[PDB]
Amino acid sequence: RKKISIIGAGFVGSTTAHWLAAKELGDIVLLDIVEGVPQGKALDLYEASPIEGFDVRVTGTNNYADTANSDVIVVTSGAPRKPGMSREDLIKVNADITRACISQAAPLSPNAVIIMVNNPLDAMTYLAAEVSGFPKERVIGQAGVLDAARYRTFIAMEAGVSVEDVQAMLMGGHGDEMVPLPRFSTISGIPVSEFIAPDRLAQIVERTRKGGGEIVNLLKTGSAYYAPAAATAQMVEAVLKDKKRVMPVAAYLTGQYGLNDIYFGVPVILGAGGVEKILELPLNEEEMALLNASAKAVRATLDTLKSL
C-alpha cells in the first residue's frame, strides 16, 4: 500500500487523516511532538474502520522513524492563529517548527512529495524546499484549493446551484492579497457573471480573501480545519492516483508571470510527479496588478524569513 505521513496531529492534520482514511488511499502515520495524542487520534479513527468499511492502517507516533519511505508527507505542525492575528504573525514560531519537522522527515522519505500546510504558507513552503533539498516539483503548498473552495461555496450559495458545477481559479499568496479570478470562474462552463451581479460578486471576492479570518472569529479558539483538510486530501489524492488535476497550489516559480525564485499560488497540473506543469494564464492589466501586489506581499514574507 501507499504510505502517507502527517506531521502534526492537531485539527488540520487529524481531520486530514479522516478524509484520507475514508478514501482508502493508503496507510496513514500521524506524528506529533506531544506524547499520547497522535496515538489516541489514530486509534480512534482506526476503530471507525469497521463501520465505514475502509482497510487502512492508521497509526499514531512520536518517532520520525515510523514515517520512513512515505509516498507523501503532509506538514500540519504549525501553530494556528487566534482572533486578531494575521497568518504572517506566525512566521517566527512556525519557521522553527517547519525547519525541525522537515529536517527530520525529509531524509527518511527521499522519494516523497511534500505538501506544506503550515502558515504563512508560501514562505513555509519555500523553507521546506530549502531544508529538504528536494526537487522543487515535489515540494508544494496547499492554499489555493482551499481558497477557491470557499469562493466556489459562496458562488453556489449565491446562485442557488450545486457546488458540483462551480469551478474557479484563484492565484497568489495565501493571504489578504490573495487573488480570486471571477473571469476564470464558471458554472457548468458558464461565466459566473451570468448568474451573479457585479456588486454581489465583488462582496464574494472579498469574503473569499477574508474567509480564513471569518472562521477564526467564529471559533475564537482556533482556525478552520474541515475545508483545509479536504483541500489537502484532494492534493494527496491527486499525487497518489496520478489524476493530473488542474488546481492552484503554491509552486516554485522560475519566470512565470514575471516571477522568479519564489513559491506562489499558481495553476498547475498535479500528478504522481508532483507539479507536472505550471500554467501561464493570459491575465489582463487589472488581474496582473492584483497578482503583482500579491507577489510583493509574498516577497515581504520571504524577506522576514531570511532574517530569522
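In case it trips you up, residue 1 is the first one in the sequence shown, and so on.
Just going by the entry, 100-108 versus 227-235 on mean CA temperature factor gives the higher value to 100-108. Per the PDB record, of the two stretches 286-294 and 14-22, 286-294 carries the greater mean B-factor over its C-alpha atoms. Comparing the listed residues 73, 163, 85, 148, the entry records the largest Cα B-factor for 85. Out of 251, 42, 68, 247, it is 68 whose C-alpha atom has the highest B-factor in the PDB entry. Ranked against the other modelled residues of its chain, the C-alpha B-factor of residue 49 as given in the entry falls in the lowest third. Per the deposited record, the Cα B-factor of residue 77 falls in the middle third when ranked against the other modelled residues of its chain. Per-chain ranking of the deposited C-alpha B factor places residue 36 in the highest third. Compared with the other modelled residues of the chain, the Cα B-factor recorded for residue 191 ranks in the middle third.
The entry lists a Cα temperature factor for residue 275 that places it in the highest third of the chain's modelled residues.
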